[PDB]
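Each remark here refers to the structure printed beneath this line.
Number of protein chains: 2
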Amino acid sequence: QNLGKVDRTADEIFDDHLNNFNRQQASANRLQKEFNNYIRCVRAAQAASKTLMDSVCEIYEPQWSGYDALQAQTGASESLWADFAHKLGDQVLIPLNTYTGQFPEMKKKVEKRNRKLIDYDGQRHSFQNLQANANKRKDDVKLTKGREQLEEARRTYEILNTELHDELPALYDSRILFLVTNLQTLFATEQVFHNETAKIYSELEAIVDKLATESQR
Amino acid sequence: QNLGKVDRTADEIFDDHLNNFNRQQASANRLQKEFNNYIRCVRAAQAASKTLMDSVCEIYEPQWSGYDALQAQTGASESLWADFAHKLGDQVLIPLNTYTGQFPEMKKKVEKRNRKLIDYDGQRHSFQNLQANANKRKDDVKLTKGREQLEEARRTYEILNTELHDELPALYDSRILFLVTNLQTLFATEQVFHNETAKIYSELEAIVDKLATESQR
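Okay, structure coming up:
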């Protein structure tokens with residue numbers, strides 16, 4: 026168990042790059058799914074906190090102490106919930122949708138390499154039993170100058186295979202930097218929202234203590 | 026505009042108590058509605074934060090720095106979300122459902138007073154034109170000893186009306202103490218959840234900084 030079985034062929038290396046990419050793509054699609062589920066669950070929570078606070082504000086009467094303070098600290102909350110939801114669906118989400126979207130076009134390129142490969146081997150075979158069955162050394166019919174056509178499938182496959190041998194691992198390595206940056210944004214957005222919202226709720230706690238002390242004596 | 030129009034009859038005072046009670050009941054039903062909406066919106070948010078964090082934990086690899094720390098700080102979060110949702114549906118909610126539930130049985134009692142009143146006036150009328158049309162002073166038919174029956178409707182109304190004249194304002198005054206106590210629980214539950222969850226997310230922020238610094242040099 027180690028860091029690259031050193032006896033692999035170039036094709037076996039390519040396959041390993043494929044397993045990694047399939048897995049990278051499955052992991053980003055899942056993150057985008059769950060995060061999109063989180064956002065609307067958040068949005069709906071924002072909405073419910075608002076209609077609930079609108080109630081607390083309604084049933085708490087003007088003439089009681091802390092009333093204007095309550096209106097105020099409630100409005101402060103509406104705004105934190107809105108930064109939070111903006112930052113999630115914009116700053117956090119869009120990079121996720123962008124990183125996630127580069128995978129389908131890469132898969133398309135890989136399926137183009139795999140296709141160009143069975144066409145090229147399909148002409149190596151086809152042209153090797155053209156050399157055998159029909160060729161005399163002295164005459165090349167224009168039929169064995171579909172040799173020019175074989176060099177097309179091989180020039181065309183070569184460039185693609187080579188590009189994928191660099192492009193795939195390159196993309197795989199991008200995974201770390203992508204996540205450190207996305208999660209940094211996500212975790213900071215969460216931190217700020219939760220910590221400011223906390224400051225608000227202890228303000229609200231305090232206000233309600235003063236009404237509890239006054240109305241009790 | 027003042028604190029009790031001092032020229033009111035006892036009935037006009039009762040009516041004012043009714044307006045206050047109807048309003049107290051409409052405000053508690055609304056609070057219970059919105060708060061129940063908040064709870065399931067919260068519950069669903071808990072669920073979504075969990076499946077999302079399970080993703081972050083999946084896509085973050087064992088071999089990277091901070092990985093076990095991530096698992097850990099994530100589990101810590103699952104539990105805060107669970108205190109929060111327990112405390113909302115139990116400590117905050119049940120007193121709300123209990124305070125809210127005393128209103129329908131009070132309304133039933135008020136509709137019993139109002140009913141007993143139109144029966145009693147309905148016999149004052151009925152028995153005043155029994156005194157008139159048929160009564161000679163010298164003979165009481167056993168028909169004007171449904172006078173005993175009138176004193177039933179008036180004894181029975183008297184006790185109810187009197188009980189409501191004390192019970193209704195008593196309940197109205199309970200409104201302040203109820204809310205200071207319910208909101209104290211609610212706001213503290215919120216405070217603790219948000220402030221602890223904040224501590225978790227800056228831990229998560231820090232972990233991800235260390236992976237960003239290490240993987241970058």
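Protein sequence lines, in the order shown, are assigned to chains A and A'. A prime marks a further copy of an entry chain.
Per the authors' numbering, the very first residue in the first sequence carries number 26; after that it's consecutive.
Per the authors' numbering, the very first residue in the second sequence carries number 26; after that it's consecutive.
In this text, a Cβ means the ideal position worked out from N, Cα and C, and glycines have one as well.
Leaving out five residues on either side along the sequence, give the residues of the same chain with a beta carbon under 8 Å from the beta carbon of residue i.
{"i": "A'/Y92", "result": "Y85 and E86"}
{"i": "A/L28", "result": "none"}
{"i": "A/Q49", "result": "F128, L196, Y197 and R200"}
{"i": "A'/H42", "result": "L189, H190, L193, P194 and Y197"}
{"i": "A/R149", "result": "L175"}
{"i": "A/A110", "result": "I64, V67, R68 and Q71"}
{"i": "A'/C82", "result": "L95, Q96 and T99"}
{"i": "A'/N61", "result": "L118"}
{"i": "A'/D40", "result": "none"}
{"i": "A/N220", "result": "none"}
{"i": "A'/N160", "result": "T169"}
Tell me, please, whether the CB atom of residue i is closer than 8 Å to any CB atom in chain A'?
{"i": "A/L142", "result": "no"}
{"i": "A/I84", "result": "yes"}
{"i": "A/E59", "result": "yes"}
{"i": "A/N45", "result": "no"}
{"i": "A/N62", "result": "yes"}
{"i": "A/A70", "result": "yes"}
{"i": "A/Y226", "result": "yes"}
{"i": "A/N220", "result": "yes"}
{"i": "A/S52", "result": "yes"}
{"i": "A/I184", "result": "no"}
{"i": "A/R242", "result": "no"}
{"i": "A/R55", "result": "yes"}
{"i": "residue 2 of chain A", "result": "Residue 2 of chain A is absent from the model: chain A starts at 26 and stops at 242."}
{"i": "A/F152", "result": "no"}
{"i": "A/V233", "result": "yes"}
{"i": "A/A213", "result": "yes"}
{"i": "A/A237", "result": "yes"}
{"i": "A/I201", "result": "yes"}
{"i": "A/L208", "result": "yes"}
Hey, residue i and residue j: beta-carbon distance below 8 Å or not?
{"i": "A/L168", "j": "A/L155", "result": "yes"}
{"i": "A'/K137", "j": "A'/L185", "result": "yes"}
{"i": "A'/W106", "j": "A'/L236", "result": "no"}
{"i": "A'/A178", "j": "A'/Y124", "result": "no"}
{"i": "A/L121", "j": "A/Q57", "result": "yes"}
{"i": "A/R55", "j": "A'/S80", "result": "yes"}
{"i": "A'/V233", "j": "A/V205", "result": "yes"}
{"i": "A/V135", "j": "A/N207", "result": "no"}
{"i": "A'/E59", "j": "A/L211", "result": "no"}
{"i": "A/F152", "j": "A/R180", "result": "no"}
Report the partner residues of residue i according to the DSSP bridge assignment.
{"i": "A/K161", "result": "A/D164"}
State yes or no: is the beta carbon of residue i nearer than 8 Å to at least one beta carbon in chain A?
{"i": "A'/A73", "result": "yes"}
{"i": "A'/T76", "result": "yes"}
{"i": "A'/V117", "result": "no"}
{"i": "A'/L28", "result": "no"}
{"i": "A'/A94", "result": "no"}
{"i": "A'/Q127", "result": "no"}
{"i": "A'/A223", "result": "yes"}
{"i": "A'/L204", "result": "yes"}
{"i": "A'/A110", "result": "no"}
{"i": "A'/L229", "result": "yes"}
{"i": "A'/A107", "result": "no"}
{"i": "A'/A159", "result": "no"}
{"i": "A'/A101", "result": "no"}
{"i": "A'/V166", "result": "no"}
{"i": "A'/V67", "result": "yes"}
{"i": "A'/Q216", "result": "yes"}
Considering only residues of the same chain and omitting the five flanking positions on each side of residue i, which have a CB-CB separation below 6 Å?
{"i": "A'/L229", "result": "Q98"}
Within a Cβ cutoff of 7 Å, which residues of the same chain sit near residue i, ignoring the five residues on either side of it in sequence?
{"i": "A'/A53", "result": "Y124, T125 and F128"}
{"i": "A'/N45", "result": "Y197"}
(request) Indicate whether the contact test is met: 3 or more Cβ pairs, each with one atom in the region 102-115 of chain A' and one in the region 218-236 of chain A', closer than 8 Å. (result) yes
(request) Could you tell me whether the region 62-79 of chain A touches the region 204-217 of chain A, where touching means 3 or more Cβ pairs closer than 8 Å? (result) no
(request) Decide if the region 196-212 of chain A' is in contact with the region 156-167 of chain A'; the criterion is three or more beta carbon pairs, one per stretch, under 8 Å apart. (result) no
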